[PDB]
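Single chain ahead, by itself, as structure tokens, in the form deposited in one PDB entry.
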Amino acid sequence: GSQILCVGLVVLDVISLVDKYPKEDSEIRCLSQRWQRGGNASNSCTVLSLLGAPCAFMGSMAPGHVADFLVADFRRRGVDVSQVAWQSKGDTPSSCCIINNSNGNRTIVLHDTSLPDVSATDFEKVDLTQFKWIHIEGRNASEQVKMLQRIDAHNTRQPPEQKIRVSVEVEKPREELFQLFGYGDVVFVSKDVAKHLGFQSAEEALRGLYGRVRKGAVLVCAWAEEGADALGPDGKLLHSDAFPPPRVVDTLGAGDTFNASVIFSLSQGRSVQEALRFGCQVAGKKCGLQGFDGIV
């Protein structure tokens, strides 16, 4: 029970840093370029390792030079990759990421290689005794629900002191992912999902969506410059103001930095109020830096 596992995607992010976002049909020169190991679950793993937590990543990877870069990067961070589901395909997903240096805005053109996701059968082969926390990035909901049901069955057999804590993220407004609300101790809901469901604030979203979570769960919603809110079984709304940097330069993976920081703080025995603030603190510091170097 020493590691934090993040189940989700690993994506190669091909980053172009620009002065201003290009208008359609225009030619602009970027300030700089870099390759970054991306994907929500993989970004959270980077932040967790930088925070000093032993962590493991589970995702599908195809053998090749792109995977070689990602594995070397994962290992340079100390991310445990022994759970990677290697695929027979041969195509790793990549993204063209446009980062506006004037305000930190990040535009992603994702190339989904349609490679097979992590299955419940792949998850069934994993020894769970080594993990204290399991975080799942919403993707293939039907398969993920089974992975979540396996963790539940494991936890029924364990005393309260050795129970694996669970978190889920619902970041895309896809109807099939809304079944994931009923799973996990901690549920992260994005501003984009909340807005798509008609909610105009983190407070509106939490009060309107709490009925979907399982008994005793905490629902969390970050709302960019408005900070973040959380709602638990006591019905008390919790809030943290954001910690914006004086100059916002890169917000790519800020949501993932918030998620990992909230997870880390909660796994350390801190209260929901303290975890919300810490989430905003680390994510806010990240927004004033290119990439993840310098958060610690």
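Residue numbers run from 1 along the displayed sequence. If you superpose the two forms and keep the largest set of C-alpha atoms that fall within 1.5 Å, you have the rigid core.
Between the stretches 1-9 and 285-293, it is 1-9 that shows the larger average CA temperature factor. Look at the C-alpha B-factors of 126-134 and of 200-208. On average they run higher in 126-134. Ranking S94, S102, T107, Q179 by Cα temperature factor from the entry places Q179 first.
Within the selection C221, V193, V118, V186, the deposited Cα B-factor values reach their highest point at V118.
In this PDB entry, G59 carries a Cα temperature factor that places it within the highest third of its chain's modelled residues.
Residue-level temperature factors show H65 in the highest third of its chain, judged at the C-alpha atom. Looking at the C-alpha B-factors along this chain, the one for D73 belongs to the middle third. Remark: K20 belongs to the middle third of its chain, ranked by C-alpha B-factor as recorded. Among the modelled residues of its chain, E169 has a C-alpha B-factor that falls in the middle third, as given in the PDB entry.
FYI, the form deposited in another entry isn't displayed, but the following is about it.
Residue showing a CA shift of 2 Å or more between this form and the one not shown (rigid core superposed; candidates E176, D112, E225, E124): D112. Comparing the forms between this form and the one not shown on their rigid core, the Cα displacement of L197 stays under 2 Å. With the core held fixed between this form and the one not shown, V84 has its Cα displaced by under 2 Å. The rigid-core alignment places the CA of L237 less than 2 Å apart between this form and the one not shown. The pair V220 and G104 is looser in that other deposited form: their Cα-Cα distance rises by no less than 3 Å compared with this form.
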